[PDB]
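Trainee:
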Amino acid sequence: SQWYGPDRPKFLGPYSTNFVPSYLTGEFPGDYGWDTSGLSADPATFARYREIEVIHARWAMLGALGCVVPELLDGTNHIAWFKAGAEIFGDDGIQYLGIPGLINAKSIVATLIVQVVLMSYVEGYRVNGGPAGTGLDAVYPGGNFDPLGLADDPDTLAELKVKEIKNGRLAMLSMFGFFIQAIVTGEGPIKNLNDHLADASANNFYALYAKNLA
Amino acid sequence: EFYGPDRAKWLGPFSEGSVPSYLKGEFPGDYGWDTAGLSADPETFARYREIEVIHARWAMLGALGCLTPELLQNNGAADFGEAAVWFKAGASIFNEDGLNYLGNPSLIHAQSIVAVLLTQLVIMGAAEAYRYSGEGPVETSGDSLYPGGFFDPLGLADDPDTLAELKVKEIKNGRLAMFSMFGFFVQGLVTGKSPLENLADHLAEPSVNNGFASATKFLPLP
Amino acid sequence: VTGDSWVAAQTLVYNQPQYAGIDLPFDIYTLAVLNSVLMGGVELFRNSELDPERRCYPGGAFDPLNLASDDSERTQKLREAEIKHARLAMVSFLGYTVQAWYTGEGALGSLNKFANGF
Amino acid sequence: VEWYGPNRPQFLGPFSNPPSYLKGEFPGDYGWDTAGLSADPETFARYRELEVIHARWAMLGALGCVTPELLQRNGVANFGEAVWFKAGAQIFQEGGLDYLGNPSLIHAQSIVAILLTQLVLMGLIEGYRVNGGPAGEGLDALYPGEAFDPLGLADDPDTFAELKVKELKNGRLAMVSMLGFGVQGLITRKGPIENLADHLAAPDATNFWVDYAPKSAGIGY
Amino acid sequence: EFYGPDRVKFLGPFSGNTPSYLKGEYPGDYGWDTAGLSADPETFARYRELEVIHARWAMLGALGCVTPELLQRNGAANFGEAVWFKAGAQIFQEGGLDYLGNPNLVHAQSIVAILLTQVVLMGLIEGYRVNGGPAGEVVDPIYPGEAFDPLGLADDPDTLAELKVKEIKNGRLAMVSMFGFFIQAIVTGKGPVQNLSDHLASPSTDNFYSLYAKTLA
Ligand code: CHL
Ligand code: CLA
Ligand SMILES: CC(/C=C/C=C(C)/C=C/[C@@]12O[C@]1(C)C[C@@H](O)CC2(C)C)=C\C=C\C=C(C)\C=C\C=C(C)\C=C\[C@@]12O[C@]1(C)C[C@@H](O)CC2(C)C
Ligand SMILES: CC1=C[C@H](O)CC(C)(C)[C@H]1/C=C/C(C)=C/C=C/C(C)=C/C=C/C=C(C)/C=C/C=C(C)/C=C/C1=C(C)C[C@H](O)CC1(C)C
Ligand SMILES: CC1=C[C@H](O)CC(C)(C)[C@H]1/C=C/C(C)=C/C=C/C(C)=C/C=C/C=C(C)/C=C/C=C(C)/C=C/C1=C(C)C[C@H](O)CC1(C)C
Ligand SMILES: CC1=C[C@H](O)CC(C)(C)[C@H]1/C=C/C(C)=C/C=C/C(C)=C/C=C/C=C(C)/C=C/C=C(C)/C=C/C1=C(C)C[C@H](O)CC1(C)C
Ligand SMILES: CC1=C[C@H](O)CC(C)(C)[C@H]1/C=C/C(C)=C/C=C/C(C)=C\C=C/C=C(C)/C=C/C=C(C)/C=C/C1=C(C)C[C@H](O)CC1(C)C
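Chains as they are written, first to last, in the numbering used here: chain A, 1 to 214; chain B, 215 to 436; chain C, 437 to 554; chain D, 555 to 775; chain E, 776 to 992.
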């Protein structure tokens, strides 16, 4: 309840009481009153934007986990997320967990073909309903997508939805970090973190790549 | 088929839940694809509609303009030395003979880029200003997006039944060109070769010569 | 983890009791008697139940998270998921033992052999 | 109706039809919304604020991006890195960052201290701008005045309206120049004043079209 | 366009007279029964079923005679006998018949067992197709649907009409092409995919003319 209504926390802390967009009232999860730009003024775009955020969020959370696990595990050769795709062209191919025989994928075209066919059905079902569910909330279908019934209580669902978006926004921000850190450092996020941990004053953005960025 | 409620949609069967209300199959090319909700406002949608057609028409001219010198060079005039490729033709203005139309010295023989810019600014500027003004000496037919009167000498817009199918044919050929032009730009940067050369390569070894051949081209290197 | 086939691991541990490459502090003779006694006690406890449904779904200490301790449809769906994973595993392990009889390799070994066979 | 109203000047001059929502009610309304981005009144309001804030930052930025280079060229002062797109790297030099060279000025040594103070200082300052603060609470968002108009050049309503047009037009000119500095810096990789010097020396053999354009596809520059 | 009296015809504009019994209402009707073999409505029904069964088998056969050859000469896999007119001989080899060249796939060694198993399985399958069975009861002898349309691509009757045409059209092309496979194999001992490569290599010199033909006398 603290996350909804007019008494909800806001992105500008104390300096946000007099600075709140009219459309952002406290009805939807993750409402911190951060709509400085004119975006989402019209409810139609705001409703469309709210879904895209949760989608970009759930994707980022999957991406953030998956951009770290293979780099943190041996057998995968601690491959960097921005260097994982090339493995399909290696002689061995993509052997999950490094265990030979698992997938042994070697054709990039074949992988893309199955992905396109499967993802098109999946994304189509998510938009116009399908076998998993029909006539359900577009972003929060539940049912087959909530097997453990963790959100049965409306109150719990509300707080959990706040947890989902806040974790997602952190993942989206950190994924954007992965993109830039890789394009600048050239190393995986875990390697960048380890370097900082060792010698923070020496291993950081400013003391290593900031000068050559111009 | 391409108009009204039961029209063609972008997601085919799984499109019912993806059709924005404001999209009701009135304008041409309404497959019901505005997931982002950019054209929610009636006014914003109208502006984007004009922008889409203008881009589509430039794209269509661009597609022919980015292949015609290369075609003739491979078989035909065979005179645009390194100017056949679209992303290496503009540099021909600084040539010893400069820009020679059809590779013919007698034609144009331009060798001053500043003059070209000034000439284009006044020419394109006036026409664009007239398009924005919504009114000019030539016949405008009272349609800023579709000024049939003077711009349609052949009178192919005579009957609305052909007009309705022609207008969707325009945007669909147009959208394809815009999508392909975006292709020309991307393919050019990644491959560096002319678009028609890229095709030859794909036909040579489709499994090897494809987009994933240049997958590791832009990899940040420690 | 060990790189040894599941069939070959039986004899290897018998000759040298070990887990995850760590030698266990117990001669195989004590482990053999312990396994029989431990499993004997465990199975006698299981047989004490007299409710036919509870013999298949004891709950209580075996359902600490209370996921399917009710009569809801979630309980029915969860039980449907269990038997499907159960029947799959029964057929799958039948695959393990038949493949080890024919090919000679274990699970991961059969997978690698098939991939190389091409 | 010289600047506001229906007889206001337009971005295409004679051949110009202003959008319905653009009715010459705000400064710099040359009726230019061909993309229809400010059709929504709420979005238009928020967009106007971004323009004024961007213009003021750009006006400060444009003046600040050339002042060290102008002084370095004329020999008025020696900076560790006078070029604007290199001033940030001064903090990593031997003696740190000294204002106008003089070691007795600022004499900053650590980027972390600069970063943390800026976050605290600008965090409070921007908080005061949106939620109001020490300078006053309840004042116009884009034009607070009061403490920010000590000289009172906006007391006359008519002059204030005309001067608001001047702020945007100098600001829009500054914003275009800033983008120019960035693009020129990325291409020429030389300070903005240096680019001007070269053009004045040989304007026909130093222009982008003659030096970089011909090498922007296939032949790197 | 493909149904009714205004349907397209096999002879195009020159079609003119068409068989009276050969009206629309059926997929793939181009008004071609010049031999007058389906004048009897009972025989016409039977011939329609025979065409779609010969067509469906041809589509499977056309794809099945090209894929092992394509994979072999594309380096995708190594078969015992890629060419279709020799794949049967694989059972008479040292390693029997291995699917995709993998000794741990199928690994058949006895042609009898292959023949016996096919007779039993095909016999029951064909019996199920003509009298119903485990997959479903018989309603349309050539368009069962239900268990045979799990994806539901023909749920809408309008799409079902146009889709039937696509099958007979694609099927007929398969029958003609598979008939070519039979002849090309006899005239040219090379596989059909090899023939296509030769025609692409030198169409002027590699074709049914400038080769064979005169040998066929
Ligand atoms: C890391 C090393 C470092 C060093 C050696 C210096 C050195 C200097 N800094 Mg500097 N700075 C350093 C880092 C940094 N500074 C700044 C930001 C600034 C600013 C904003 C300013 C300086 C100023 C100065 C100069 C002030 C001295 C002066 O001229 O006094 C002149 C005489 C006086 C100021 C009066 C007497 C001062 C003296 C301390 C008396 C007070 C004693 C107190 C009793 C003790 C303190 C507690 C009391 C008040 C209860 C000086 C040479 C100042 C400057 O440039 O002035 C010219 C200045 O305004 N620095 C930053 C970013 C946040 C830094 C980051 O690392
Ligand atoms: C949007 C999210 C996302 C995306 C796009 C990807 C994408 C990718 N992942 Mg990834 N991953 C993600 C999330 C994601 N992941 C998350 C959240 C995790 C944490 C669980 C992982 C953990 C992970 C690992 C460990 C690995 C990948 C790998 C890969 C790459 C190939 C995957 C593959 O082989 O086919 C799809 C994968 C499957 C279909 C899984 C098959 C089922 C497995 C093999 C069975 C379980 C192991 C099995 C029991 C092993 C038997 C022997 C064992 C007991 C010793 C690919 C680019 C592999 C790689 O090499 O990276 C280049 C790799 O090894 N991911
Ligand atoms: C989704 C898709 C296609 C969808 C097809 C659809 C919907 C079907 C169309 C139909 O509707 C019609 C018309 C008619 C309907 O009656 C029937 C169907 C059949 C339904 C294509 C994706 C196709 C996607 C492809 C092939 C993308 C290839 C990407 C590559 C090669 C990327 C390479 C690199 O990006 C890396 C990896 C790293 C970078 O640094 C460098 C570069 C080189 C950029
Ligand atoms: C609020 C506001 C208000 C006002 O008004 C205005 C403004 C300010 C504008 C606004 C803001 C906004 C924002 C902030 C945005 C952001 C975004 C993002 C960053 C996203 C991400 C996003 C991101 C994401 C999704 C991500 C994704 C990822 C993924 C899937 C991954 C994948 C993968 C893996 C796993 C691994 C491998 O090896 C590789 C791969 C295969 C690759
Ligand atoms: C009107 C219209 C209409 C239709 O409808 C649509 C459209 C077309 C879209 C529109 C248009 C728009 C536009 C034009 C925009 C532009 C923008 C910009 C460029 C900005 C800048 C912007 C820019 C800016 C701010 C700038 C800033 C800067 C600064 C602060 C500076 C800083 C600094 C200094 C001093 C110096 C040193 O050495 C460095 C530093 C430290 C770094
Ligand atoms: C319309 C008309 C009208 C009037 O009546 C006249 C007339 C003329 C009589 C008519 C016409 C008719 C016709 C044209 C007929 C034709 C037919 C055909 C050719 C069929 C095929 C048919 C064909 C077919 C089925 C085929 C099938 C195939 C197959 C099974 C294959 C198998 C196989 C494979 C995969 C592979 C291996 O390694 C070998 C094998 C094992 C061997
Ligand atoms: C629908 C949707 C829905 C949701 O909701 C949202 C969203 C997603 C946002 C949406 C989407 C949209 C889109 C897709 C867009 C696109 C665009 C493009 C790609 C292009 C244009 C546009 C494009 C274009 C115009 C193009 C153009 C081009 C051209 C003219 C050409 C030029 C040229 C020539 C001739 C020749 C030379 O030698 C070279 C050059 C000079 C180079």
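The beta carbon of each residue, even a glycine, is placed where N, CA and C say it ideally should be.
1. Confirm the yes/no value for this check: CB of residue 94(A), any heavy atom of ligand 2, distance under 7 angstroms.
2. To which residues of the same chain is residue 724(D) closer than 8 angstroms at the C-beta, ignoring the five residues directly before and after it?
3. Return helix, strand or coil for residue 773(D), following the three-state DSSP convention.
4. Quick one: does residue 83(A) have its CB under 8 angstroms from some CB of chain B?
5. Output the residue ranges of the alpha helix (DSSP H) runs that lie fully inside the stretch 642–689 of chain D and measure 4 residues or longer, sorted by chain position.
6. Under a Cβ-count criterion, where at least 16 other Cβ atoms within 10 Å of its own Cβ denotes burial, should residue 314(B) be classed as buried or exposed?
7. Quick check on residue 329(B): buried or exposed, where buried means 16 or more other Cβ atoms within 10 Å of its Cβ?
8. Along the stretch 506–534 of chain C, what residues have a CB closer than 9 angstroms to any CB found in chain A?
9. What span of residues does the alpha helix (DSSP H) with residue 481(C) cover, start to end?
10. Counting only Cβ-Cβ distances shorter than 8 angstroms, please list the residues of the stretch 862–886 of chain E near chain C, keeping chain order.
11. Of the residues 942(E), 981(E) and 982(E), which one's Cα is nearest the Cα of residue 827(E)?
12. Under a three-way DSSP split, which group does residue 446(C) fall into?
13. From the DSSP output, read off the bridge partner residues of residue 981(E).
14. Report whether the distance from the Cβ of residue 196(A) to the nearest heavy atom of ligand 1 is below 7 angstroms.
15. Taking all protein chains shown into account, do 16 or more other C-beta atoms lie within 10 angstroms of the C-beta of residue 970(E), making it buried, or fewer, making it exposed?
16. Check distances from the C-beta atoms of the stretch 230–246 of chain B to those of chain A and list, in chain order, the residues that come in under 9 angstroms.
17. Taking the Cβ atom as the reference point for each residue, do residue 576(D) and residue 585(D) lie within a distance shorter than 8 angstroms?
18. Would residue 503(C) pass as a contact of residue 514(C) if the rule is Cβ separation under 8 angstroms?
19. For residue 82(A), collect the residues of the same chain with a Cβ closer than 7 angstroms to its Cβ; drop the 5 residues on either side in sequence, then sort them by chain order.
20. What does DSSP give as the partner residues of residue 458(C) in its beta bridges?
21. For ligand 6, list every residue whose C-beta falls under 5 angstroms from any of its heavy atoms, going in chain order.
22. So residue 966(E) and residue 844(E) are in contact, right, with Cβ under 8 angstroms, and what is the actual spacing, rounded?
23. Measure how close the beta-carbons of residue 603(D) and residue 695(D) come, nearest whole angstrom, since I'm counting them as under 8 angstroms.
24. Can you check the stretch 862–921 of chain E for any alpha helix (DSSP H) of at least 4 residues that lies completely inside it and give the ranges in chain order?
25. Determine which residues of the stretch 37–66 of chain A have a Cβ less than 8 angstroms from any Cβ of chain D, and write them out in chain order.
26. Check the Cβ of residue 554(C) against every Cβ in chain E and list those closer than 7 angstroms, keeping chain order.
27. Return the CA-CA distance between residue 48(A) and residue 249(B), expressed in angstroms with no decimal places.
28. Keeping to the same chain, check which residues put their C-beta closer than 8 angstroms to that of residue 190(A); ignore five residues upstream and five downstream.
29. Could you give the DSSP three-state label for residue 433(B): helix, strand or coil?
30. Going by the beta-carbon positions, is the gap between residue 378(B) and residue 245(B) smaller than 8 angstroms?
31. At a CB-CB cut-off below 8 angstroms, which residues of chain D make contact with residue 12(A)?
32. Would the C-beta of residue 56(A) count as close to ligand 4, meaning under 7 angstroms from any of its heavy atoms?
33. How about residue 41(A) and residue 594(D): are their beta carbons less than 8 angstroms apart?
34. Against chain D, with Cβ distances strictly below 8 angstroms, would residue 15(A) count as a contact?
35. For chain D, is any of its Cβ atoms less than 8 angstroms away from the one on residue 18(A)?
36. Note down, in chain order, each residue of its chain lying with its Cβ closer than 8 angstroms to the Cβ of residue 442(C), except the 5 sequence neighbours on either side.
Mentor: So, from the data block:
1. yes
2. 609 and 613
3. coil
4. yes
5. 665–685
6. buried
7. exposed
8. 508, 510, 513, 514 and 517
9. 464–482
10. 875, 876, 877, 878, 879 and 880
11. 942(E)
12. helix
13. Answer is none; residue 981(E) lacks a bridge partner.
14. no
15. buried
16. 230, 231, 232, 234, 235 and 236
17. yes
18. yes
19. 182
20. 455(C)
21. 807(E), 808(E), 810(E), 812(E), 829(E), 832(E), 833(E), 836(E), 839(E), 840(E), 859(E), 862(E), 950(E), 953(E) and 954(E)
22. 5 angstroms
23. 6 angstroms
24. 886–906
25. 37, 38, 39, 41 and 42
26. 852, 875, 876 and 877
27. 7 angstroms
28. 68, 71, 72 and 78
29. coil
30. no
31. 681, 684 and 685
32. yes
33. yes
34. yes
35. yes
36. 532, 536, 542 and 543
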